[PDB]
>>> print(open('input22.cif').read())   # mmCIF, N, CA and C atoms
data_work
loop_
_atom_site.label_atom_id
_atom_site.label_comp_id
_atom_site.auth_asym_id
_atom_site.auth_seq_id
_atom_site.Cartn_x
_atom_site.Cartn_y
_atom_site.Cartn_z
N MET A 1 36.33 246.79 29.65
CA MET A 1 36.37 246.51 28.19
C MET A 1 36.72 247.80 27.44
N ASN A 2 37.51 248.66 28.08
CA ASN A 2 37.91 249.92 27.46
C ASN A 2 39.15 250.50 28.15
N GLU A 3 40.06 249.62 28.56
CA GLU A 3 41.28 250.05 29.23
C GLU A 3 40.97 250.94 30.43
N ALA A 4 40.56 250.31 31.53
CA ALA A 4 40.21 251.05 32.75
C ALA A 4 41.41 251.83 33.29
N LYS A 5 42.46 251.12 33.70
CA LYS A 5 43.66 251.75 34.26
C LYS A 5 43.32 252.55 35.51
N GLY A 6 43.32 251.87 36.66
CA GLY A 6 43.01 252.50 37.96
C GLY A 6 44.21 252.47 38.89
N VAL A 7 44.15 251.59 39.89
CA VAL A 7 45.22 251.45 40.89
C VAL A 7 45.53 249.98 41.12
N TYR A 8 46.81 249.66 41.31
CA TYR A 8 47.25 248.28 41.54
C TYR A 8 47.53 248.04 43.02
N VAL A 9 46.85 247.06 43.61
CA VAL A 9 47.03 246.74 45.02
C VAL A 9 48.51 246.70 45.40
N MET A 10 48.79 246.74 46.70
CA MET A 10 50.17 246.73 47.21
C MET A 10 50.55 245.36 47.78
N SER A 11 49.97 245.01 48.93
CA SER A 11 50.27 243.73 49.58
C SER A 11 49.13 243.30 50.49
N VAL A 12 49.26 242.09 51.06
CA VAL A 12 48.26 241.53 51.98
C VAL A 12 48.92 241.30 53.34
N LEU A 13 48.60 242.15 54.31
CA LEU A 13 49.19 242.04 55.64
C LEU A 13 48.29 241.21 56.57
N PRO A 14 48.84 240.41 57.47
CA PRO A 14 48.03 239.58 58.41
C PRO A 14 47.36 240.42 59.50
N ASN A 15 46.28 239.89 60.06
CA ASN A 15 45.54 240.57 61.13
C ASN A 15 45.05 241.95 60.69
N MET A 16 44.72 242.10 59.39
CA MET A 16 44.24 243.39 58.85
C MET A 16 42.86 243.22 58.20
N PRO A 17 42.05 244.26 58.17
CA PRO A 17 40.66 244.19 57.60
C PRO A 17 40.66 243.90 56.09
N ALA A 18 41.80 244.08 55.44
CA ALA A 18 41.91 243.82 54.00
C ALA A 18 42.21 242.34 53.72
N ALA A 19 42.80 241.66 54.70
CA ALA A 19 43.14 240.25 54.55
C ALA A 19 41.88 239.39 54.45
N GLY A 20 41.86 238.52 53.44
CA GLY A 20 40.72 237.62 53.21
C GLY A 20 39.70 238.25 52.26
N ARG A 21 39.74 239.57 52.15
CA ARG A 21 38.82 240.31 51.28
C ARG A 21 39.55 240.81 50.04
N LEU A 22 40.75 241.36 50.26
CA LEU A 22 41.57 241.90 49.18
C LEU A 22 42.86 241.08 49.07
N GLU A 23 43.30 240.82 47.84
CA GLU A 23 44.53 240.05 47.60
C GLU A 23 45.44 240.75 46.60
N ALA A 24 46.71 240.39 46.64
CA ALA A 24 47.69 240.98 45.75
C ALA A 24 47.37 240.59 44.31
N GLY A 25 47.40 241.57 43.41
CA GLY A 25 47.10 241.34 41.99
C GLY A 25 45.77 241.98 41.61
N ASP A 26 44.91 242.19 42.62
CA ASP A 26 43.60 242.79 42.39
C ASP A 26 43.71 244.31 42.26
N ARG A 27 42.88 244.91 41.39
CA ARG A 27 42.89 246.37 41.19
C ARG A 27 41.62 247.01 41.75
N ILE A 28 41.68 248.32 41.98
CA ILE A 28 40.52 249.06 42.50
C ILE A 28 39.76 249.74 41.37
N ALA A 29 38.52 249.31 41.15
CA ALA A 29 37.68 249.87 40.08
C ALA A 29 36.82 251.03 40.61
N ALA A 30 36.73 251.13 41.94
CA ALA A 30 35.95 252.20 42.56
C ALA A 30 35.96 252.08 44.08
N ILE A 31 35.48 253.14 44.75
CA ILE A 31 35.38 253.16 46.21
C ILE A 31 34.05 253.77 46.63
N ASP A 32 33.31 253.03 47.44
CA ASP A 32 32.01 253.48 47.93
C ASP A 32 31.14 254.02 46.79
N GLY A 33 31.45 253.59 45.57
CA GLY A 33 30.71 254.00 44.37
C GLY A 33 31.44 255.10 43.59
N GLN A 34 32.54 255.60 44.15
CA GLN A 34 33.33 256.66 43.52
C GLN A 34 34.39 256.07 42.56
N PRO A 35 34.45 256.49 41.30
CA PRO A 35 35.47 255.95 40.35
C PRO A 35 36.86 256.57 40.58
N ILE A 36 37.87 255.71 40.75
CA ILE A 36 39.24 256.17 41.01
C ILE A 36 40.11 256.12 39.75
N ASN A 37 40.61 257.29 39.38
CA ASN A 37 41.49 257.44 38.21
C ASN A 37 42.88 257.91 38.62
N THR A 38 43.01 258.47 39.82
CA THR A 38 44.31 258.96 40.32
C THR A 38 44.56 258.50 41.75
N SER A 39 45.83 258.43 42.12
CA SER A 39 46.21 258.03 43.47
C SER A 39 45.85 259.15 44.45
N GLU A 40 45.94 260.39 43.97
CA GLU A 40 45.63 261.54 44.81
C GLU A 40 44.16 261.53 45.20
N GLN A 41 43.30 261.03 44.33
CA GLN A 41 41.88 260.99 44.62
C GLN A 41 41.64 260.19 45.90
N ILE A 42 42.51 259.20 46.15
CA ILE A 42 42.39 258.37 47.34
C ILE A 42 42.78 259.14 48.60
N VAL A 43 43.67 260.12 48.45
CA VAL A 43 44.12 260.93 49.58
C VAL A 43 42.99 261.79 50.12
N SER A 44 42.19 262.34 49.22
CA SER A 44 41.08 263.18 49.64
C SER A 44 40.02 262.31 50.31
N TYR A 45 39.79 261.14 49.73
CA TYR A 45 38.78 260.22 50.26
C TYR A 45 39.08 259.90 51.72
N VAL A 46 40.27 259.39 51.99
CA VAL A 46 40.65 259.05 53.36
C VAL A 46 40.60 260.28 54.25
N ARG A 47 40.96 261.43 53.70
CA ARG A 47 40.96 262.66 54.48
C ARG A 47 39.57 262.93 55.04
N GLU A 48 38.54 262.71 54.23
CA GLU A 48 37.16 262.93 54.67
C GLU A 48 36.84 262.03 55.87
N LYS A 49 37.26 260.77 55.80
CA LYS A 49 36.99 259.81 56.87
C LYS A 49 38.10 259.85 57.91
N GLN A 50 37.77 259.47 59.15
CA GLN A 50 38.73 259.46 60.26
C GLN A 50 39.02 258.04 60.73
N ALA A 51 39.82 257.92 61.79
CA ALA A 51 40.17 256.62 62.32
C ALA A 51 38.93 255.94 62.92
N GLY A 52 38.80 254.64 62.68
CA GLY A 52 37.65 253.89 63.19
C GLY A 52 36.49 253.94 62.21
N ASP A 53 36.70 254.62 61.07
CA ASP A 53 35.64 254.74 60.07
C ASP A 53 35.47 253.42 59.31
N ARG A 54 34.53 253.41 58.37
CA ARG A 54 34.25 252.22 57.56
C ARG A 54 33.99 252.66 56.13
N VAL A 55 34.77 252.10 55.21
CA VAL A 55 34.65 252.44 53.79
C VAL A 55 34.55 251.20 52.91
N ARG A 56 33.61 251.26 51.98
CA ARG A 56 33.37 250.16 51.04
C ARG A 56 34.26 250.36 49.82
N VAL A 57 35.09 249.36 49.53
CA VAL A 57 36.03 249.44 48.39
C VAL A 57 35.70 248.37 47.34
N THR A 58 35.61 248.79 46.08
CA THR A 58 35.30 247.88 44.97
C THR A 58 36.58 247.44 44.28
N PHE A 59 36.69 246.15 43.98
CA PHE A 59 37.86 245.62 43.27
C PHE A 59 37.44 244.47 42.36
N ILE A 60 38.17 244.25 41.25
CA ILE A 60 37.84 243.17 40.30
C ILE A 60 38.93 242.10 40.32
N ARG A 61 38.49 240.83 40.30
CA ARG A 61 39.41 239.69 40.29
C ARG A 61 38.90 238.65 39.28
N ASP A 62 39.73 238.35 38.29
CA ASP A 62 39.37 237.36 37.28
C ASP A 62 37.98 237.65 36.71
N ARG A 63 37.68 238.93 36.50
CA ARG A 63 36.38 239.34 35.95
C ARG A 63 35.26 239.19 36.99
N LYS A 64 35.63 238.98 38.26
CA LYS A 64 34.63 238.82 39.34
C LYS A 64 34.67 240.03 40.27
N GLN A 65 33.73 240.95 40.08
CA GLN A 65 33.66 242.15 40.90
C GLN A 65 33.18 241.85 42.32
N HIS A 66 33.96 242.31 43.30
CA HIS A 66 33.63 242.10 44.72
C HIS A 66 34.05 243.30 45.56
N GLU A 67 33.20 243.63 46.53
CA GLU A 67 33.44 244.75 47.44
C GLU A 67 34.21 244.29 48.67
N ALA A 68 35.06 245.19 49.17
CA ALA A 68 35.89 244.92 50.35
C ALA A 68 35.64 245.95 51.44
N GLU A 69 35.42 245.45 52.65
CA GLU A 69 35.17 246.31 53.81
C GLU A 69 36.47 246.63 54.55
N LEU A 70 36.95 247.87 54.37
CA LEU A 70 38.19 248.33 55.01
C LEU A 70 37.88 249.38 56.08
N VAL A 71 38.68 249.37 57.14
CA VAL A 71 38.53 250.31 58.26
C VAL A 71 39.76 251.21 58.34
N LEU A 72 39.52 252.51 58.42
CA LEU A 72 40.59 253.49 58.51
C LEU A 72 41.35 253.34 59.83
N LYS A 73 42.69 253.33 59.75
CA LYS A 73 43.53 253.20 60.96
C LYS A 73 44.75 254.15 60.85
N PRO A 74 45.16 254.80 61.94
CA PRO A 74 46.33 255.73 61.93
C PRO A 74 47.66 254.98 61.85
N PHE A 75 48.73 255.70 61.47
CA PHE A 75 50.07 255.10 61.34
C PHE A 75 51.07 255.81 62.26
N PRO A 76 52.04 255.10 62.82
CA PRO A 76 53.05 255.73 63.73
C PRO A 76 53.95 256.72 62.99
N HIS A 77 54.15 256.49 61.69
CA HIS A 77 54.99 257.37 60.89
C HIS A 77 54.31 258.73 60.73
N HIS A 78 52.98 258.71 60.68
CA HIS A 78 52.19 259.94 60.53
C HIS A 78 50.85 259.79 61.27
N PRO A 79 50.87 259.86 62.58
CA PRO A 79 49.63 259.73 63.41
C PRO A 79 48.55 260.72 62.98
N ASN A 80 48.98 261.87 62.47
CA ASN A 80 48.06 262.92 62.03
C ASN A 80 47.55 262.64 60.63
N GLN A 81 47.71 261.39 60.17
CA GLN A 81 47.25 260.99 58.84
C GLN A 81 46.48 259.68 58.95
N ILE A 82 45.38 259.58 58.21
CA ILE A 82 44.53 258.38 58.23
C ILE A 82 44.48 257.76 56.84
N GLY A 83 44.65 256.44 56.76
CA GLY A 83 44.59 255.74 55.48
C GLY A 83 45.47 256.40 54.42
N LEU A 84 46.60 255.78 54.10
CA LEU A 84 47.50 256.30 53.08
C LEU A 84 47.22 255.58 51.76
N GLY A 85 46.25 254.67 51.81
CA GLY A 85 45.84 253.88 50.65
C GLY A 85 46.60 252.56 50.59
N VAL A 86 46.65 251.87 51.73
CA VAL A 86 47.35 250.58 51.83
C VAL A 86 46.32 249.46 51.97
N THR A 87 46.67 248.28 51.46
CA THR A 87 45.79 247.12 51.52
C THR A 87 46.22 246.18 52.64
#
>>> encode(input="input22.cif", output="structure tokens")
Amino acid sequence: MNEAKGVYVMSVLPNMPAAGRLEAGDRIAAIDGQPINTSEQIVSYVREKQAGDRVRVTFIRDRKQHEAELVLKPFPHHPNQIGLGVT
């Protein structure tokens, strides 16, 4: 009720921990209780956690706040990188 302006989800991929919990159109109001105002803030967050980790993500849908359980996973493009902030 004061122009939040956070982050806009990307997509919903099958066989992923975000599927069924997070959907396209939903925004991120916070993570594990941390308020997100920048995309870079997400880079530090994932950096702290490693592959196989577990992070609680907050998102709002139609005024209905719900938490999403996402698991950090490495990427072939950058194996030395964990969670690039994808849904």
>>> residues_around(input="input22.cif", residues="residue 29 of chain A", least_positions_apart="6", cutoff="7 Å", atoms="all atoms listed in the file", output="list in words")
residues 6, 7, 35, 36, 57, 58, 59 and 60 of chain A
>>> write_last_selection(input="input22.cif", atoms="N, CA and C atoms", output="PDB file, in the frame of the given file")
ATOM      1  N   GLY A   6      43.320 251.870  36.660  1.00  0.00           N
ATOM      2  CA  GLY A   6      43.010 252.500  37.960  1.00  0.00           C
ATOM      3  C   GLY A   6      44.210 252.470  38.890  1.00  0.00           C
ATOM      4  N   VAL A   7      44.150 251.590  39.890  1.00  0.00           N
ATOM      5  CA  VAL A   7      45.220 251.450  40.890  1.00  0.00           C
ATOM      6  C   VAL A   7      45.530 249.980  41.120  1.00  0.00           C
ATOM      7  N   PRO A  35      34.450 256.490  41.300  1.00  0.00           N
ATOM      8  CA  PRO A  35      35.470 255.950  40.350  1.00  0.00           C
ATOM      9  C   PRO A  35      36.860 256.570  40.580  1.00  0.00           C
ATOM     10  N   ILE A  36      37.870 255.710  40.750  1.00  0.00           N
ATOM     11  CA  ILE A  36      39.240 256.170  41.010  1.00  0.00           C
ATOM     12  C   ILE A  36      40.110 256.120  39.750  1.00  0.00           C
ATOM     13  N   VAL A  57      35.090 249.360  49.530  1.00  0.00           N
ATOM     14  CA  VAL A  57      36.030 249.440  48.390  1.00  0.00           C
ATOM     15  C   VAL A  57      35.700 248.370  47.340  1.00  0.00           C
ATOM     16  N   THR A  58      35.610 248.790  46.080  1.00  0.00           N
ATOM     17  CA  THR A  58      35.300 247.880  44.970  1.00  0.00           C
ATOM     18  C   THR A  58      36.580 247.440  44.280  1.00  0.00           C
ATOM     19  N   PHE A  59      36.690 246.150  43.980  1.00  0.00           N
ATOM     20  CA  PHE A  59      37.860 245.620  43.270  1.00  0.00           C
ATOM     21  C   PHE A  59      37.440 244.470  42.360  1.00  0.00           C
ATOM     22  N   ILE A  60      38.170 244.250  41.250  1.00  0.00           N
ATOM     23  CA  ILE A  60      37.840 243.170  40.300  1.00  0.00           C
ATOM     24  C   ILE A  60      38.930 242.100  40.320  1.00  0.00           C
TER      25      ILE A  60
END
>>> atom_distance(input="input22.cif", atom1="atom CA of residue 69 of chain A", atom2="atom CA of residue 56 of chain A")
5.1 Å
>>> closest_residue(input="input22.cif", among="A:31, A:1, A:25, A:72", to="residue 53 of chain A", atoms="only N, CA and C atoms")
A:72
>>> select_by_dssp(input="input22.cif", residues="chain A", states="helix (DSSP H, G or I)", output="PyMOL selection string")
chain A and resi 39-48
>>> closest_residue(input="input22.cif", among="A:86, A:68, A:52, A:62", to="residue 22 of chain A", atoms="only N, CA and C atoms")
A:68
>>> closest_residue(input="input22.cif", among="A:43, A:16, A:8, A:65", to="residue 84 of chain A", atoms="all atoms listed in the file")
A:43
>>> closest_residue(input="input22.cif", among="A:47, A:10, A:30, A:37", to="residue 81 of chain A", atoms="all atoms listed in the file")
A:47
>>> atom_distance(input="input22.cif", atom1="atom CA of residue 23 of chain A", atom2="atom N of residue 66 of chain A")
11.6 Å
>>> atom_distance(input="input22.cif", atom1="atom CA of residue 17 of chain A", atom2="atom N of residue 83 of chain A")
12.9 Å
>>> closest_residue(input="input22.cif", among="A:54, A:61, A:21, A:5", to="residue 39 of chain A", atoms="only C-alpha atoms")
A:5
>>> select_by_dssp(input="input22.cif", residues="chain A", states="strand (DSSP E)", output="PyMOL selection string")
chain A and resi 7-8+27-31+55-61+64-70
>>> closest_residue(input="input22.cif", among="A:9, A:34, A:46, A:55", to="residue 70 of chain A", atoms="only N, CA and C atoms")
A:55
>>> axis_aligned_box(input="input22.cif", around="segment 29-37 of chain A", padding_each_side="4 Å", output="lines of an AutoDock Vina configuration file")
center_x = 36.8
center_y = 253.6
center_z = 43.1
size_x = 20.2
size_y = 16.6
size_z = 17.7
>>> resolve_selection(input="input22.cif", expression="the PyMOL selection byres ((chain A and resi 87) around 6)", output="list in words")
residues 10, 11, 12, 13, 18, 85 and 86 of chain A
>>> decode(input="input22.cif", residues="segment 20-74 of chain A", atoms="C-alpha atoms", output="PDB file, in the first residue's frame")
ATOM      1  CA  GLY A  20       3.456 -25.488  -7.900  1.00  0.00           C
ATOM      2  CA  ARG A  21       4.701 -22.963  -5.320  1.00  0.00           C
ATOM      3  CA  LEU A  22       5.697 -20.001  -7.506  1.00  0.00           C
ATOM      4  CA  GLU A  23       3.897 -18.863 -10.683  1.00  0.00           C
ATOM      5  CA  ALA A  24       4.486 -16.325 -13.425  1.00  0.00           C
ATOM      6  CA  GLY A  25       3.111 -12.877 -12.519  1.00  0.00           C
ATOM      7  CA  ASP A  26       3.969 -13.199  -8.815  1.00  0.00           C
ATOM      8  CA  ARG A  27       6.519 -10.789  -7.252  1.00  0.00           C
ATOM      9  CA  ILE A  28       9.051 -11.268  -4.438  1.00  0.00           C
ATOM     10  CA  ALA A  29       8.254  -9.194  -1.327  1.00  0.00           C
ATOM     11  CA  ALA A  30      11.074 -10.763   0.706  1.00  0.00           C
ATOM     12  CA  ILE A  31      13.372 -13.767   1.223  1.00  0.00           C
ATOM     13  CA  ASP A  32      13.801 -15.711   4.458  1.00  0.00           C
ATOM     14  CA  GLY A  33      12.533 -12.486   6.082  1.00  0.00           C
ATOM     15  CA  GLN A  34      14.992 -10.248   4.175  1.00  0.00           C
ATOM     16  CA  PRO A  35      13.388  -7.337   2.151  1.00  0.00           C
ATOM     17  CA  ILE A  36      14.519  -7.266  -1.510  1.00  0.00           C
ATOM     18  CA  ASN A  37      14.852  -3.878  -3.219  1.00  0.00           C
ATOM     19  CA  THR A  38      17.584  -4.744  -5.771  1.00  0.00           C
ATOM     20  CA  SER A  39      18.426  -7.663  -8.038  1.00  0.00           C
ATOM     21  CA  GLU A  40      22.010  -7.559  -6.782  1.00  0.00           C
ATOM     22  CA  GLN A  41      20.790  -8.193  -3.249  1.00  0.00           C
ATOM     23  CA  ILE A  42      19.706 -11.618  -4.513  1.00  0.00           C
ATOM     24  CA  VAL A  43      23.227 -12.345  -5.780  1.00  0.00           C
ATOM     25  CA  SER A  44      24.722 -11.968  -2.318  1.00  0.00           C
ATOM     26  CA  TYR A  45      21.959 -14.064  -0.787  1.00  0.00           C
ATOM     27  CA  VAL A  46      22.557 -17.048  -3.079  1.00  0.00           C
ATOM     28  CA  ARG A  47      26.298 -16.566  -2.650  1.00  0.00           C
ATOM     29  CA  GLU A  48      25.955 -17.222   1.090  1.00  0.00           C
ATOM     30  CA  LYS A  49      24.085 -20.477   0.420  1.00  0.00           C
ATOM     31  CA  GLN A  50      25.517 -23.414  -1.584  1.00  0.00           C
ATOM     32  CA  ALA A  51      24.109 -26.196  -3.753  1.00  0.00           C
ATOM     33  CA  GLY A  52      21.616 -28.458  -1.974  1.00  0.00           C
ATOM     34  CA  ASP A  53      20.696 -25.608   0.380  1.00  0.00           C
ATOM     35  CA  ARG A  54      17.157 -24.566   1.348  1.00  0.00           C
ATOM     36  CA  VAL A  55      15.825 -21.008   1.260  1.00  0.00           C
ATOM     37  CA  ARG A  56      12.409 -19.642   2.188  1.00  0.00           C
ATOM     38  CA  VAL A  57      11.101 -17.127  -0.385  1.00  0.00           C
ATOM     39  CA  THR A  58       8.144 -14.773   0.209  1.00  0.00           C
ATOM     40  CA  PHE A  59       5.862 -13.747  -2.670  1.00  0.00           C
ATOM     41  CA  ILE A  60       2.419 -12.049  -2.992  1.00  0.00           C
ATOM     42  CA  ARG A  61      -0.406 -13.189  -5.287  1.00  0.00           C
ATOM     43  CA  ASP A  62      -3.763 -11.411  -5.567  1.00  0.00           C
ATOM     44  CA  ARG A  63      -3.085  -9.883  -2.128  1.00  0.00           C
ATOM     45  CA  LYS A  64      -2.414 -13.414  -0.775  1.00  0.00           C
ATOM     46  CA  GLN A  65       1.038 -13.642   0.809  1.00  0.00           C
ATOM     47  CA  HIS A  66       2.609 -17.118   0.568  1.00  0.00           C
ATOM     48  CA  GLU A  67       6.082 -18.543   1.160  1.00  0.00           C
ATOM     49  CA  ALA A  68       7.894 -20.721  -1.387  1.00  0.00           C
ATOM     50  CA  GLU A  69      10.475 -23.409  -0.605  1.00  0.00           C
ATOM     51  CA  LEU A  70      13.300 -23.215  -3.183  1.00  0.00           C
ATOM     52  CA  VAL A  71      16.495 -25.302  -3.291  1.00  0.00           C
ATOM     53  CA  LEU A  72      19.785 -23.941  -4.600  1.00  0.00           C
ATOM     54  CA  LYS A  73      21.078 -25.809  -7.693  1.00  0.00           C
ATOM     55  CA  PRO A  74      24.230 -25.239  -9.921  1.00  0.00           C
TER      56      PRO A  74
END
